[PDB]
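Before any questions on how it binds or moves, here is one chain, the form deposited in one PDB entry, in structure tokens.
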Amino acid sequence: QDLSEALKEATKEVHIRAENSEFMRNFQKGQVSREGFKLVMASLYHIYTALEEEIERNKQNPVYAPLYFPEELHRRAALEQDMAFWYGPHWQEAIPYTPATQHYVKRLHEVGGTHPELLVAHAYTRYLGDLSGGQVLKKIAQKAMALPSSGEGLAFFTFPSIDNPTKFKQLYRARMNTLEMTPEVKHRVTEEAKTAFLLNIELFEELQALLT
């Protein structure tokens, strides 16, 4: 069984749970506000910054190298533009760094620095979602908050270096399936992917509480 398929099957359950968190449920209904949107995007800024810092650290490591697509996938630059859009010229000192976000970042660094063979679980969880359902969330946000089709404020959800997300996704999956795999690695990667989903749900639960 290919890793790409093992991951999808192993996280399809927790994915349903994540979609139904209070925050994401409200979001889907289009009840997402500027204050709430800012909290999640600021948090993603920190998360992707940590994720990509670890990706760079392990770019030449075989347990991750085949998935090294900075130009097409990396989000930090886009999130920096979004931060300037939502928080202003001095966003760096204005954006929040919540406990749940810190917790996520902590695990990302543990994985990247100590268990790099599991980094793929975290890139899969975030990037493949962005390339698929993330496009749906993008439309919802635009409609809800009157964001321009030109893209301002939603750079995170825009991949200008990729013609077709569905095509790249298939490529990314194929490359994921070239990683040297053993029962040991496959089992732990799928487990870490479930943990990654949980970290996201915990972030969403925290943000909703901060909002209510």
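Between two forms, the rigid core is defined as the largest C-alpha subset superposing within 1.5 Å. In case it trips you up, residue 1 is the first one in the sequence shown, and so on.
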{"query": "Of 139 to 147 and 159 to 167, the one with larger mean CA B-factor", "finding": "159 to 167"}
{"query": "Stretch with the higher entry mean CA B-factor, where the candidates are 194 to 202 and 19 to 27", "finding": "19 to 27"}
{"query": "Record-listed C-alpha B factor of residue 99: chain third", "finding": "middle"}
{"query": "Position of residue 61 among the chain's modelled residues by C-alpha B-factor, lowest, middle or highest third", "finding": "middle"}
{"query": "CA B-factor ranking of residue 70, expressed as a third of its chain", "finding": "middle"}
{"query": "Record-listed C-alpha B factor of residue 125: chain third", "finding": "lowest"}
{"query": "Where the record places residue 183 (Cα B-factor, split into thirds across the chain)", "finding": "highest"}
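This protein has a second form, the form deposited in another entry, left out of what is shown; the following refers to that one.
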{"property": "Which of 76, 115, 138, 107 is displaced between the shown form and the other one by 2 angstroms or more at its C-alpha, rigid core aligned", "result": "138"}
{"property": "Large Cα shift (2 Å or above) at residue 148 between the shown form and the other one, core-fitted", "result": "yes"}
{"property": "Large Cα move at residue 170 between the shown form and the other one, threshold 2 Å, rigid core", "result": "no"}
{"property": "C-alpha of residue 27 moved at least 2 Å between the shown form and the other one on rigid core", "result": "yes"}
{"property": "Sense of the change in Cα distance from residue 136 to residue 192 in the other entry - at least 3 Å versus the shown form", "result": "farther"}
{"property": "CA-CA separation of residue 101 and residue 134, closer or farther in the other entry than in the form shown [shift of 3 angstroms or more]", "result": "farther"}
